[PDB]
Amino acid sequence: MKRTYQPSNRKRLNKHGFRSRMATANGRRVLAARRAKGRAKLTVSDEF
Amino acid sequence: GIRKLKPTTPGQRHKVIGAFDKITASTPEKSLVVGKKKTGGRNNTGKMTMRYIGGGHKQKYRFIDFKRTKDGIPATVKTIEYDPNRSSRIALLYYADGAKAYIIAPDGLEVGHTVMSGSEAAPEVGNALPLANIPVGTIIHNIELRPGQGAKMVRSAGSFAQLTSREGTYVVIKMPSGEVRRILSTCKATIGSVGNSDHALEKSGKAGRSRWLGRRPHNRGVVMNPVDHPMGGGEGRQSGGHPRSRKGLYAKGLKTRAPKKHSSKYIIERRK
Amino acid sequence: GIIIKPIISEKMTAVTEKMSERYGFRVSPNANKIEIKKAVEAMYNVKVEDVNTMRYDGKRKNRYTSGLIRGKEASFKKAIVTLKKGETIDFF
RNA sequence: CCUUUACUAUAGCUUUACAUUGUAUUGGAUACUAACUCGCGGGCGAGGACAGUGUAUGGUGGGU
RNA sequence: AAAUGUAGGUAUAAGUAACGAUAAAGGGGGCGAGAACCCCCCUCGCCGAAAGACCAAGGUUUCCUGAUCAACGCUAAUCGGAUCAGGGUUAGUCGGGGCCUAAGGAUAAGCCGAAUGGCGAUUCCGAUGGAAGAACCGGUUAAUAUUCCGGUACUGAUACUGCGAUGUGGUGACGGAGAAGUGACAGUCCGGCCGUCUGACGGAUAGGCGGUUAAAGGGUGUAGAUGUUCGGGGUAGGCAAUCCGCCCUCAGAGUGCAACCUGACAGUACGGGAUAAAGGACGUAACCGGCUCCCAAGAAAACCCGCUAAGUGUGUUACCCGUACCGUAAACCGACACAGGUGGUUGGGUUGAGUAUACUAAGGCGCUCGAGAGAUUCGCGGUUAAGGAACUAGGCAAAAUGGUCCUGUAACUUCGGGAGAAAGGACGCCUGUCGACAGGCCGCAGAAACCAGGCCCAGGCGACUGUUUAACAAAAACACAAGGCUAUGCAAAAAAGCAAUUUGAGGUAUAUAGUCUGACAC
RNA sequence: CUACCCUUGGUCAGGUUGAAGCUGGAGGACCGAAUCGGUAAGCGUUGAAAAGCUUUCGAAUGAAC
Ligand SMILES: [K+]
Ligand SMILES: [K+]
Ligand SMILES: [K+]
Ligand SMILES: [K+]
Ligand SMILES: [K+]
Ligand SMILES: [Mg+2]
Ligand SMILES: [Mg+2]
Ligand SMILES: [Mg+2]
Ligand SMILES: [Mg+2]
Ligand SMILES: [Mg+2]
Ligand SMILES: [Mg+2]
Ligand SMILES: [Mg+2]
Ligand SMILES: [Mg+2]
Ligand SMILES: [Mg+2]
Ligand SMILES: [Mg+2]
Ligand SMILES: [Mg+2]
Ligand SMILES: [Mg+2]
Ligand SMILES: [Mg+2]
Ligand SMILES: [Mg+2]
Ligand SMILES: [Mg+2]
Ligand SMILES: [Mg+2]
Ligand SMILES: [Mg+2]
Ligand SMILES: [Mg+2]
Ligand SMILES: [Mg+2]
Ligand SMILES: [Mg+2]
Ligand SMILES: [Mg+2]
Ligand SMILES: [Mg+2]
Ligand SMILES: [Mg+2]
Ligand SMILES: [Mg+2]
Ligand SMILES: [Mg+2]
Ligand SMILES: [Mg+2]
Ligand SMILES: [Mg+2]
Ligand SMILES: [Mg+2]
Ligand SMILES: [Mg+2]
Ligand SMILES: [Mg+2]
Ligand SMILES: [Mg+2]
Ligand SMILES: [Mg+2]
Ligand SMILES: [Mg+2]
Ligand SMILES: [Mg+2]
Ligand SMILES: [Mg+2]
Ligand SMILES: [Mg+2]
Ligand SMILES: [Mg+2]
Ligand SMILES: [Mg+2]
Ligand SMILES: [Mg+2]
Ligand SMILES: [Mg+2]
Ligand code: NA
């Protein structure tokens with residue numbers, strides 16, 4: 001059967017990528033929380 | 001002016017379509033058409049504000065000249081064309097100087113006629129004159145509300161209005177709805193009726209034709225749940241109470257014209 | 001520092017054994033063909049006639065510890081250089 | 001969570017008063033244009049102290 | 001010592017369930033301490049509109065080779081998509097990108113708003129589309145190949161042998177359905193030429209087997225198609241809308257056919273040779289962005305051509321990124337080497353209406369536990385005397401019908417239907433004669449297997465085709481074409497939003513919105 | 001993922017019937033593969049699968065996928 005995750009690299013970066021996070025105040029708020037935690041992976045732009 | 005289909009299939013049993021007999025040309029003018037984008041009833045925020053809109057055939061928009069500003073320059077009717085954007089037909093005009101335009105096709109206007117606009121133009125079918133220069137009792141369409149703005153009233157297929165009286169700076173006009181109101185005498189109108197009067201005799205015949213025209217199915221309120229509609233709920237069929245909309249607006253006689261609109265000064269008799 | 005090292009492999013030795021003017025180097029991954037022709041000609045003093053290129057990403061070397069310590073070798077670019085017919089190069 | 005002629009509120013709609021807001025004739029009407037509003041083209045039209053809006057106030061208000 | 005209490009470890013059920021589609025295996029050699037499973041060979045079996053071949057998405061080294069068998073592999077393993085090391089992806093033209101714009105997104109001037117901010121162009125971004133810059137066949141590696149090599153082409157720049165945009169025009173530029181005529185490739189048959197062999201048993205020096213090839217580009221203008229037809233706009237112009245003198249489609253578009261072609265594949269013989277290894281008959285839209293009909297009336301911008309305003313020859317050279325491998329799957333999405341899901345192209349032969357069905361080529365596979373034995377019982381299948389729905393809530397399931405052609409078809413009907421109504425007959429092979437006719441032959445059976453309607457009578461509901469409770473309900477529920485009522489005169493009513501603003505609609509009462517009824521007849 | 005919408009692309013073997021205008025070739029027309037579904041039965045229920053398989057069945061030029 002068709003499952004929930006059907007990958008598309010173009011969709012992934014448009015929805016969760018680094019440049020989309022930086023485009024809004026609430027996205028930059030997410031980046032600040034992940035930096036303060038010390039995450040090695042900041043966005044999906046890192047795993048690529 | 002219509003063509004009734006034989007009952008070969010249950011979908012064709014009750015279908016009646018137009019004969020397309022006034023049409024003289026098959027394709028539109030290149031400089032007067034542009035591709036037209038569809039809304040699904042969504043507004044600029046992306047939310048659906050009008051239901052039951054969606055799908056249908058791709059259509060091009062035609063530039064219709066509702067102002068008729070080329071006053072004094074004669075024009076000649078070249079072709080009569082199909083237009084998917086309106087219920088009436090349209091006519092292509094070649095002006096004597098090189099301009100081209102589309103106008104709503106009046107009933108009785110045919111290829112090879114000459115049309116004109118202006119205050120010094122003959123009151124003939126397809127001519128645009130100020131109401132001051134139009135005789136009393138005439139049949140007219142494409143009525144301006146303000147001078148210089150452009151035709152707004154009496155434009156649908158088969159529609160017409162009669163100029164009944166003169167009052168100085170205002171004329172008295174009877175509208176298709178039965179309302180009687182005063183119009184400024186510097187406004188403009190086109191002599192005749194709108195054509196394609198047999199447009200109200202058509203029968204779609206099947207649900208599919210509605211979808212070609214861009215309409216989506218419409219649900220009754222009594223077959224929903226109370227959370228969706230005030231008329232919903234119940235064990236078995238119920239009447240749903242007083243007819244009202246999703247926001248609770250009475251649907252059986254509530255008047256919605258703003259009771260202090262300024263244009264009420266010009267409305268002499270009302271039917272709407 | 002365009003040229004990193006020549007290529008001495010089984011495939012390249014056979015290629016040179018057929019085309020005597022054909023050699024292959026490892027070069028910086030961001031150097032273009034025009035630059036590479038300049039470097040091989042300004043260091044071996046020859047007439048380069050044609051350059052072909054290919055880009056290799058490095059091989060991943062995933063070890064395990066307490067698991068999945070990823071590793072990777074540096075990416076490189078391969079340049080296959082054709083000299084003017086009648087010229088050679090000696091790597092010794 | 002849902003319903004309503006359960007209770008209490010409330011968005012919205014609607015009434016009047018003050019502000020925006022002026023001038024004549026004869027208060028309350030009639031009339032005007034300069035506040036204010038809309039159209040054309042790049043001033044001319046059409047309205048007009050109304051309308052719209054702020055504050056206060058009565059009514060309505062399972063839409064919430 | 002107890003909270004269906006938490007972590008770690010170890011028990012019991014138990015040597016039990018199970019080892020993941022019933023497409024299938026047997027033998028001889030080999031390496032090896034070790035072989036049901038690994039390699040080679042002979043036989044057998046399965047797929048073959050696929051379980052073969054080529055891409056996209058996604059994956060990211062799984063690709064090839066050497067070493068290794070601890071762990072992983074539902075068994076063992078000398079094997080592996082496993083571990084380690086080495087190696088492997090080559091472009092002026094392919095696919096991208098560079099150019100253009102769609103939905104949408106970000107904005108400029110402006111507008112709105114406790115803040116954070118929300119809107120807002122003809123501007124920019126953004127392909128799933130458009131580009132006037134252009135390549136195809138073959139061969140070679142353990143692993144790449146329009147990329148390397150061979151042959152034959154094409155496209156930009158560059159060096160030596162009056163122009164006209166930022167404005168404004170033209171072009172680009174577009175639907176669905178339908179069949180026909182002409183006629184390639186593939187494929188089949190007939191018939192020569194080249195090479196090779198003489199095949200368990202009766203017959204055959206007459207046969208068996210493998211070949212006898214081809215694209216882009218160039219030419220011709222052939223089949224066939226289309227054309228005999230002074231005001232309305234783009235070129236002589238001023239910032240597209242009140243003029244005058246001037247060159248035409250009379251030729252366009254176009255298969256097939258020449259040439260490219262003294263390439264190539266297989267097999268023999270030894271890079272070279274046979275080898276420059278005839279031709280036919282069908283078949284055949286690849287002509288066709290064509291033709292005809294219809295209504296639901298079928299993107300945009302740029303490239304490329306105008307206009308004014310303002311002012312051939314040769315040589316060299318062609319940058320960047322992708323290119324391995326999987327990809328109806330053991331490599332992607334499903335925790336698994338999981339019976340599921342996954343877009344596009346191709347897809348030989350006989351049979352056939354067919355891309356159905358059956359059997360086969362090329363190619364790919366025998367599905368990573370076996371061996372004995374042949375109780376009960378279960379899963380999936382086969383047959384059955386006499387009876388024939390007596391079963392059961394209910395003929396559930398199964399059986400039965402089933403093809404082509406020729407006869408023949410009722411009530412009722414909205415005149416279309418009902419209808420393939422129902423009910424019947426013929427069907428193989430040989431001979432001759434003009435698919436048919438007659439005579440004859442064989443069998444229980446001639447539609448030969450596979451494939452392939454059961455039908456009829458009468459009621460309730462819903463007119464009809466559709467839609468629905470992803471995962472217990474597909475229906476009489478929903479929708480529907482159509483009918484009524486009510487609102488709405490245009491900054492329309494109505495909807496969204498704090499507002500600005502947007503939908504309605506750039507529509508205008510034969511229109512739009514709310515609501516109930518639901519073809520039709522009465 | 002799913003519901004609806006917007007822009008831009010693609011796909012639908014073969015046969016039958018015979019409307020408008022002997023010809024013609026319409027249709028939310030017929031039979032039936034691909035495909036989209038999910039009627040009935042059997043099986044599975046520490047399953048091969050957290051919804052499947054086999055047989056059967058519906059639609060298959062359109063309100064299609
Ligand atoms: K309804
Ligand atoms: K409610
Ligand atoms: K080995
Ligand atoms: K040859
Ligand atoms: K469904
Ligand atoms: Mg319900
Ligand atoms: Mg009741
Ligand atoms: Mg090269
Ligand atoms: Mg490259
Ligand atoms: Mg409440
Ligand atoms: Mg317990
Ligand atoms: Mg036991
Ligand atoms: Mg047991
Ligand atoms: Mg199990
Ligand atoms: Mg067992
Ligand atoms: Mg197995
Ligand atoms: Mg395959
Ligand atoms: Mg391998
Ligand atoms: Mg083992
Ligand atoms: Mg390996
Ligand atoms: Mg290209
Ligand atoms: Mg752009
Ligand atoms: Mg390969
Ligand atoms: Mg090649
Ligand atoms: Mg541009
Ligand atoms: Mg490859
Ligand atoms: Mg397995
Ligand atoms: Mg699919
Ligand atoms: Mg195909
Ligand atoms: Mg076949
Ligand atoms: Mg088959
Ligand atoms: Mg019996
Ligand atoms: Mg019997
Ligand atoms: Mg009984
Ligand atoms: Mg009984
Ligand atoms: Mg049954
Ligand atoms: Mg029904
Ligand atoms: Mg149905
Ligand atoms: Mg269900
Ligand atoms: Mg069900
Ligand atoms: Mg009803
Ligand atoms: Mg149908
Ligand atoms: Mg099927
Ligand atoms: Mg049916
Ligand atoms: Mg069917
Ligand atoms: Na040619």
# chains A, B, ... in the order shown; residues from 1 in each chain; ligands from 1
>>> residues_around(residues="residue A:28", least_positions_apart="5", cutoff="12 Å", atoms="only C-alpha atoms (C1' of nucleotides)", output="ChimeraX atom specification")
/A:17-23,33-35,42-43
>>> residues_around(residues="residue E:484", least_positions_apart="6", cutoff="12 Å", atoms="only C-alpha atoms (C1' of nucleotides)", output="ChimeraX atom specification")
/E:515-518
>>> residues_near_ligand(ligand="ligand 10", cutoff="9 Å", atoms="only C-alpha atoms (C1' of nucleotides) and all ligand atoms", output="list in words")
residues 2, 3, 62 and 64 of chain D
>>> atom_distance(atom1="atom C1' of residue E:149", atom2="atom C1' of residue E:261")
20.7 Å
>>> select_by_dssp(residues="chain C", states="alpha helix (DSSP H)", output="list in words")
residues 10, 11, 12, 13, 14, 15, 16, 17, 18, 33, 34, 35, 36, 37, 38, 39, 40, 41, 42 and 43 of chain C
>>> write_last_selection(atoms="C-alpha atoms", output="short mmCIF file (atom, residue, chain, number, x, y, z; two decimals), in the first residue's frame")
data_model
loop_
_atom_site.label_atom_id
_atom_site.label_comp_id
_atom_site.auth_asym_id
_atom_site.auth_seq_id
_atom_site.Cartn_x
_atom_site.Cartn_y
_atom_site.Cartn_z
CA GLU C 10 46.10 -0.79 -14.85
CA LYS C 11 43.54 1.02 -17.03
CA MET C 12 45.74 4.06 -17.64
CA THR C 13 48.86 2.04 -18.45
CA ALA C 14 46.89 0.22 -21.15
CA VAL C 15 45.50 3.52 -22.48
CA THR C 16 49.00 4.97 -22.79
CA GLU C 17 50.22 1.72 -24.38
CA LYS C 18 47.70 2.31 -27.19
CA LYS C 33 39.68 22.61 -18.48
CA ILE C 34 41.39 25.80 -19.70
CA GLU C 35 43.43 26.06 -16.49
CA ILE C 36 44.46 22.40 -16.55
CA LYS C 37 45.81 22.68 -20.10
CA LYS C 38 47.89 25.64 -18.90
CA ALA C 39 49.34 23.77 -15.91
CA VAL C 40 50.33 20.56 -17.71
CA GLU C 41 51.94 22.72 -20.42
CA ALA C 42 53.71 25.10 -18.01
CA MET C 43 55.26 22.23 -16.02
#
>>> interface_residues(of="chain C", to="chain E", cutoff="8 Å", atoms="only C-alpha atoms (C1' of nucleotides)", output="NGL selection string")
:C and (9 or 32-34 or 52-54 or 59 or 80)
>>> closest_residue(among="E:17, E:441, E:276, E:55", to="ligand 12", atoms="only C-alpha atoms (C1' of nucleotides) and all ligand atoms")
E:17
>>> closest_atom_pairs(of="chain E", to="chain A", cutoff="7 Å", atoms="only C-alpha atoms (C1' of nucleotides)", output="tab-separated table")
residue	atom	partner	partner_atom	distance
E:58	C1'	A:7	CA	6.8
E:333	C1'	A:6	CA	6.1
E:334	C1'	A:3	CA	6.7
E:340	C1'	A:1	CA	5.2
E:341	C1'	A:1	CA	4.5
>>> residues_around(residues="stretch 33-47 of chain F", least_positions_apart="5", cutoff="12 Å", atoms="only C-alpha atoms (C1' of nucleotides)", output="PDB file with C-alpha atoms (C1' of nucleotides), in the first residue's frame")
ATOM      1  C1'   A E  17       5.666 -22.655  16.500  1.00  0.00           C
ATOM      2  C1'   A E  18       8.293 -21.291  12.410  1.00  0.00           C
ATOM      3  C1'   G E  20       7.954 -15.774   4.044  1.00  0.00           C
ATOM      4  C1'   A E  49       2.986  -6.866 -23.133  1.00  0.00           C
ATOM      5  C1'   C E 338       8.710  -8.335   3.930  1.00  0.00           C
ATOM      6  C1'   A E 339       3.348 -12.414  -1.319  1.00  0.00           C
ATOM      7  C1'   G E 354      -6.744  -8.167 -29.965  1.00  0.00           C
ATOM      8  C1'   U E 355      -1.112  -5.556 -26.108  1.00  0.00           C
ATOM      9  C1'   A E 356      -6.912 -11.408 -24.403  1.00  0.00           C
ATOM     10  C1'   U E 357      -5.424 -16.787 -24.185  1.00  0.00           C
ATOM     11  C1'   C E 378      -6.655 -28.799   7.629  1.00  0.00           C
ATOM     12  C1'   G E 379      -5.498 -25.653   2.728  1.00  0.00           C
ATOM     13  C1'   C E 380      -5.954 -25.768  -2.552  1.00  0.00           C
ATOM     14  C1'   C E 396     -24.158 -19.302   0.010  1.00  0.00           C
ATOM     15  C1'   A E 397     -20.647 -22.007  -2.836  1.00  0.00           C
ATOM     16  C1'   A E 398     -20.392 -25.061  -6.955  1.00  0.00           C
ATOM     17  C1'   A E 474     -21.859   1.000  -1.411  1.00  0.00           C
TER      18        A E 474
ATOM     19  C1'   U F  11      -2.470   7.601 -20.796  1.00  0.00           C
ATOM     20  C1'   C F  12      -6.790   4.684 -22.334  1.00  0.00           C
ATOM     21  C1'   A F  13      -5.465  -3.360 -26.868  1.00  0.00           C
ATOM     22  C1'   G F  14      -9.479  -4.999 -29.622  1.00  0.00           C
ATOM     23  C1'   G F  15     -14.486  -5.442 -31.112  1.00  0.00           C
ATOM     24  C1'   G F  52      -3.410  -8.586   2.504  1.00  0.00           C
ATOM     25  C1'   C F  53      -4.028 -13.002  -0.964  1.00  0.00           C
ATOM     26  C1'   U F  54      -7.160 -16.219  -4.394  1.00  0.00           C
ATOM     27  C1'   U F  55     -11.483 -16.678  -7.094  1.00  0.00           C
ATOM     28  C1'   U F  56     -15.485 -13.628  -8.355  1.00  0.00           C
ATOM     29  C1'   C F  57     -17.318  -8.818  -9.417  1.00  0.00           C
ATOM     30  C1'   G F  58     -18.069  -2.922 -11.105  1.00  0.00           C
ATOM     31  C1'   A F  59     -16.292   1.178 -14.368  1.00  0.00           C
ATOM     32  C1'   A F  60     -13.144   1.308 -18.308  1.00  0.00           C
ATOM     33  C1'   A F  64     -12.210   9.327 -16.294  1.00  0.00           C
ATOM     34  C1'   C F  65      -7.290   7.975 -14.549  1.00  0.00           C
TER      35        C F  65
END
>>> atom_distance(atom1="atom CA of residue B:59", atom2="atom CA of residue B:213")
10.4 Å
>>> interface_residues(of="chain B", to="chain E", cutoff="6 Å", atoms="only C-alpha atoms (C1' of nucleotides)", output="number ranges by chain")
B: 7-8, 10, 35, 43-44, 49, 97-98, 152-153, 157-158, 177, 200, 205-207, 212, 243, 251-253
>>> write_last_selection(atoms="N, CA and C atoms", output="short mmCIF file (atom, residue, chain, number, x, y, z; two decimals), in the first residue's frame")
data_model
loop_
_atom_site.label_atom_id
_atom_site.label_comp_id
_atom_site.auth_asym_id
_atom_site.auth_seq_id
_atom_site.Cartn_x
_atom_site.Cartn_y
_atom_site.Cartn_z
N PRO B 7 -33.61 10.97 -27.93
CA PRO B 7 -33.27 10.20 -26.72
C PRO B 7 -32.58 8.87 -27.02
N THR B 8 -31.34 8.95 -27.51
CA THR B 8 -30.56 7.74 -27.75
C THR B 8 -29.96 7.18 -26.47
N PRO B 10 -29.79 7.92 -21.96
CA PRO B 10 -30.51 8.66 -20.90
C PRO B 10 -29.95 10.04 -20.59
N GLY B 35 -5.08 34.57 -22.57
CA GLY B 35 -5.39 33.44 -21.71
C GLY B 35 -5.94 33.90 -20.36
N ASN B 43 -9.98 33.26 -2.73
CA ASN B 43 -9.51 34.64 -2.78
C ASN B 43 -7.98 34.68 -2.66
N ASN B 44 -7.42 35.88 -2.52
CA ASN B 44 -5.97 36.03 -2.57
C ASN B 44 -5.27 35.40 -1.37
N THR B 49 -13.81 31.26 -0.57
CA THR B 49 -14.87 32.14 -0.09
C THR B 49 -16.18 31.96 -0.83
N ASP B 97 -10.40 53.81 -39.57
CA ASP B 97 -9.03 54.28 -39.43
C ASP B 97 -8.04 53.18 -39.07
N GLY B 98 -8.51 51.99 -38.70
CA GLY B 98 -7.60 50.89 -38.46
C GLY B 98 -7.74 50.22 -37.11
N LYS B 152 -22.88 49.18 -17.95
CA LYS B 152 -22.95 48.27 -16.81
C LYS B 152 -24.25 47.49 -16.74
N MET B 153 -25.37 48.08 -17.15
CA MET B 153 -26.69 47.49 -16.99
C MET B 153 -27.25 47.04 -18.33
N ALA B 157 -27.95 38.06 -22.33
CA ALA B 157 -28.62 37.63 -23.56
C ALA B 157 -30.13 37.82 -23.45
N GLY B 158 -30.71 38.45 -24.47
CA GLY B 158 -32.13 38.69 -24.53
C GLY B 158 -32.64 39.88 -23.75
N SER B 177 -35.59 43.95 -14.57
CA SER B 177 -36.15 43.44 -13.33
C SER B 177 -37.51 44.02 -13.00
N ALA B 200 -32.47 31.13 -22.81
CA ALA B 200 -33.17 30.63 -21.63
C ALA B 200 -33.99 29.38 -21.90
N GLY B 205 -29.34 18.72 -19.63
CA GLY B 205 -29.59 17.32 -19.88
C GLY B 205 -28.96 16.33 -18.92
N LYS B 206 -27.74 16.62 -18.45
CA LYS B 206 -27.03 15.70 -17.57
C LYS B 206 -26.10 16.48 -16.65
N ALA B 207 -25.69 15.82 -15.57
CA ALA B 207 -24.83 16.45 -14.58
C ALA B 207 -23.48 16.85 -15.16
N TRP B 212 -18.62 20.91 -17.14
CA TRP B 212 -17.93 21.58 -18.23
C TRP B 212 -18.00 23.09 -18.09
N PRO B 243 -35.92 28.36 7.11
CA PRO B 243 -34.81 28.34 6.14
C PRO B 243 -33.81 29.46 6.40
N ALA B 251 -33.68 32.97 4.82
CA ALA B 251 -33.67 32.83 3.38
C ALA B 251 -35.04 33.00 2.74
N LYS B 252 -36.03 33.52 3.47
CA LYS B 252 -37.40 33.53 2.99
C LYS B 252 -38.04 34.91 3.11
N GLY B 253 -37.27 35.98 2.93
CA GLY B 253 -37.89 37.29 2.88
C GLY B 253 -37.12 38.43 3.51
#
>>> residues_near_ligand(ligand="ligand 21", cutoff="10 Å", atoms="only C-alpha atoms (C1' of nucleotides) and all ligand atoms", output="list in words")
residues 93, 94, 95, 96, 97, 133 and 134 of chain E
>>> residues_around(residues="residue B:127", least_positions_apart="4", cutoff="6 Å", atoms="only C-alpha atoms (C1' of nucleotides)", output="list in words")
residues 115, 116, 117, 190 and 191 of chain B
>>> residues_near_ligand(ligand="ligand 20", cutoff="12 Å", atoms="only C-alpha atoms (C1' of nucleotides) and all ligand atoms", output="JSON, numbers by chain")
{"E": [61, 62, 63, 64, 65, 66, 67, 68, 79, 80, 81, 82, 83, 84, 85, 86]}
>>> write_last_selection(atoms="C-alpha atoms (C1' of nucleotides)", output="PDB file, in the first residue's frame")
ATOM      1  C1'   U E  61      29.389   2.906  -4.119  1.00  0.00           C
ATOM      2  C1'   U E  62      25.344  -1.413  -3.406  1.00  0.00           C
ATOM      3  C1'   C E  63      29.343  -1.435  -9.573  1.00  0.00           C
ATOM      4  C1'   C E  64      34.534  -4.609 -10.925  1.00  0.00           C
ATOM      5  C1'   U E  65      38.694  -7.308  -8.819  1.00  0.00           C
ATOM      6  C1'   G E  66      41.852  -9.649  -4.795  1.00  0.00           C
ATOM      7  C1'   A E  67      41.852 -11.309   0.242  1.00  0.00           C
ATOM      8  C1'   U E  68      38.359 -13.088   4.528  1.00  0.00           C
ATOM      9  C1'   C E  79      29.247 -18.336  -1.963  1.00  0.00           C
ATOM     10  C1'   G E  80      26.942 -12.996  -1.307  1.00  0.00           C
ATOM     11  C1'   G E  81      23.807  -6.618  -2.262  1.00  0.00           C
ATOM     12  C1'   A E  82      28.525  -9.110   4.054  1.00  0.00           C
ATOM     13  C1'   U E  83      34.146  -7.263   6.191  1.00  0.00           C
ATOM     14  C1'   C E  84      38.863  -4.963   4.465  1.00  0.00           C
ATOM     15  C1'   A E  85      41.930  -3.054   0.412  1.00  0.00           C
ATOM     16  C1'   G E  86      42.654  -1.620  -4.531  1.00  0.00           C
TER      17        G E  86
END
>>> residues_near_ligand(ligand="ligand 6", cutoff="7 Å", atoms="only C-alpha atoms (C1' of nucleotides) and all ligand atoms", output="mmCIF file with N, CA, C and O atoms, in the first residue's frame")
data_model
loop_
_atom_site.group_PDB
_atom_site.id
_atom_site.type_symbol
_atom_site.label_atom_id
_atom_site.label_comp_id
_atom_site.auth_asym_id
_atom_site.auth_seq_id
_atom_site.Cartn_x
_atom_site.Cartn_y
_atom_site.Cartn_z
ATOM 1 N N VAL B 223 -29.239 17.701 5.113
ATOM 2 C CA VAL B 223 -28.551 16.416 5.100
ATOM 3 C C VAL B 223 -27.153 16.511 5.720
ATOM 4 O O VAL B 223 -26.347 15.601 5.553
ATOM 5 N N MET B 224 -26.856 17.585 6.439
ATOM 6 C CA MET B 224 -25.604 17.691 7.171
ATOM 7 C C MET B 224 -25.847 17.491 8.666
ATOM 8 O O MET B 224 -26.960 17.225 9.115
ATOM 9 N N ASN B 225 -24.788 17.591 9.419
ATOM 10 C CA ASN B 225 -24.787 17.469 10.865
ATOM 11 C C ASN B 225 -24.907 18.850 11.498
ATOM 12 O O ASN B 225 -24.592 19.857 10.863
#
>>> residues_near_ligand(ligand="ligand 7", cutoff="9 Å", atoms="only C-alpha atoms (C1' of nucleotides) and all ligand atoms", output="JSON, numbers by chain")
{"B": [234, 235, 236, 237, 238]}
>>> residues_near_ligand(ligand="ligand 17", cutoff="10 Å", atoms="only C-alpha atoms (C1' of nucleotides) and all ligand atoms", output="list in words")
residues 50, 51, 52, 53, 327, 328, 329 and 364 of chain E
>>> closest_residue(among="F:5, F:49, F:63, F:19", to="chain A", atoms="only C-alpha atoms (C1' of nucleotides)")
F:49
>>> residues_near_ligand(ligand="ligand 27", cutoff="9 Å", atoms="only C-alpha atoms (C1' of nucleotides) and all ligand atoms", output="ChimeraX atom specification")
/E:20,330,337,367-368
>>> decode(residues="stretch 50-82 of chain C", atoms="C-alpha atoms", output="mmCIF file, in the first residue's frame")
data_model
loop_
_atom_site.group_PDB
_atom_site.id
_atom_site.type_symbol
_atom_site.label_atom_id
_atom_site.label_comp_id
_atom_site.auth_asym_id
_atom_site.auth_seq_id
_atom_site.Cartn_x
_atom_site.Cartn_y
_atom_site.Cartn_z
ATOM 1 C CA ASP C 50 42.628 17.861 -25.578
ATOM 2 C CA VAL C 51 41.522 17.548 -21.950
ATOM 3 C CA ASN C 52 38.655 15.435 -20.602
ATOM 4 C CA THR C 53 37.517 15.631 -16.993
ATOM 5 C CA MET C 54 35.483 13.712 -14.442
ATOM 6 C CA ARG C 55 34.615 14.477 -10.821
ATOM 7 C CA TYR C 56 34.888 11.815 -8.120
ATOM 8 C CA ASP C 57 33.344 12.217 -4.720
ATOM 9 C CA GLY C 58 35.277 10.457 -1.998
ATOM 10 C CA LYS C 59 34.537 6.980 -0.720
ATOM 11 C CA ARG C 60 32.620 6.915 2.547
ATOM 12 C CA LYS C 61 34.400 4.948 5.284
ATOM 13 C CA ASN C 62 31.881 4.308 8.049
ATOM 14 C CA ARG C 63 33.477 2.745 11.124
ATOM 15 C CA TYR C 64 31.692 1.594 14.282
ATOM 16 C CA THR C 65 32.305 2.305 17.962
ATOM 17 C CA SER C 66 28.611 3.870 20.131
ATOM 18 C CA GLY C 67 27.825 3.428 16.461
ATOM 19 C CA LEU C 68 28.047 5.080 13.059
ATOM 20 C CA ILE C 69 31.125 7.276 13.180
ATOM 21 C CA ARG C 70 30.985 8.538 9.604
ATOM 22 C CA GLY C 71 34.127 9.251 7.612
ATOM 23 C CA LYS C 72 34.927 10.335 4.085
ATOM 24 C CA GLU C 73 37.891 10.847 1.786
ATOM 25 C CA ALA C 74 38.407 14.142 -0.020
ATOM 26 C CA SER C 75 36.822 14.659 -3.430
ATOM 27 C CA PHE C 76 39.077 14.892 -6.471
ATOM 28 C CA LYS C 77 38.899 15.561 -10.201
ATOM 29 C CA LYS C 78 40.429 13.378 -12.909
ATOM 30 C CA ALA C 79 41.888 14.937 -16.059
ATOM 31 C CA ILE C 80 42.704 12.782 -19.084
ATOM 32 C CA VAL C 81 45.152 14.794 -21.191
ATOM 33 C CA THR C 82 45.943 14.205 -24.863
#
